[PDB]
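What follows is one chain in structure tokens, specifically the form deposited without its partner chain.
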């Protein structure tokens, strides 16, 4: 999700000023009416868990909603762990570990690990998965608005 580095290579760049500016304008105008969801969805396209947490933490006010969001995420992270049984660790030493709920929510994973899952073949789309949990939470919250 892309910027050119010094080596001439196209690599991931974190959620941009332009993207965040639009997100804050959407929050100011729409949080958390139903119209907020399509806008969140398009603005978070390509986002890592780290970018998603920036988005969640740039919401001013709405303390009740953001607390429901946090409850939703914690429950989905717990159910993800339950429904995706893993071995203790990778069988082959250097191989990429499978992400847990807390990796998807970005509390126990680094940006490099996130990008690693996202660009795996086949992808392990931890951004899309976290977004789904966030949209689950939004769909509960829109009832307040």
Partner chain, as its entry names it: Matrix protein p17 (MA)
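Positions refer to the first chain, counted from 1.
Here the subject shifts to the form deposited with its partner chain bound, a form of this protein not shown in this document.
**Student:** Could you tell me if residue 77 has a non-hydrogen atom within 4.5 Å of its partner chain in the entry with it bound?
**Tutor:** Residue 77: no, not in contact with its partner chain in the entry with it bound.
**Student:** Could you confirm whether residue 65 comes within 4.5 Å of its partner chain in the entry with it bound, counting heavy atoms only?
**Tutor:** Contact with its partner chain, no.
**Student:** Closest heavy atom of residue 28 to its partner chain in the entry with it bound, within 4.5 Å or not?
**Tutor:** Although its partner chain is absent here, residue 28 would touch it in the entry with it bound, with heavy atoms inside 4.5 Å.
**Student:** Does its partner chain come within 4.5 Å of any heavy atom of residue 69 in the entry with it bound?
**Tutor:** Residue 69: no contact with its partner chain in the entry with it bound.
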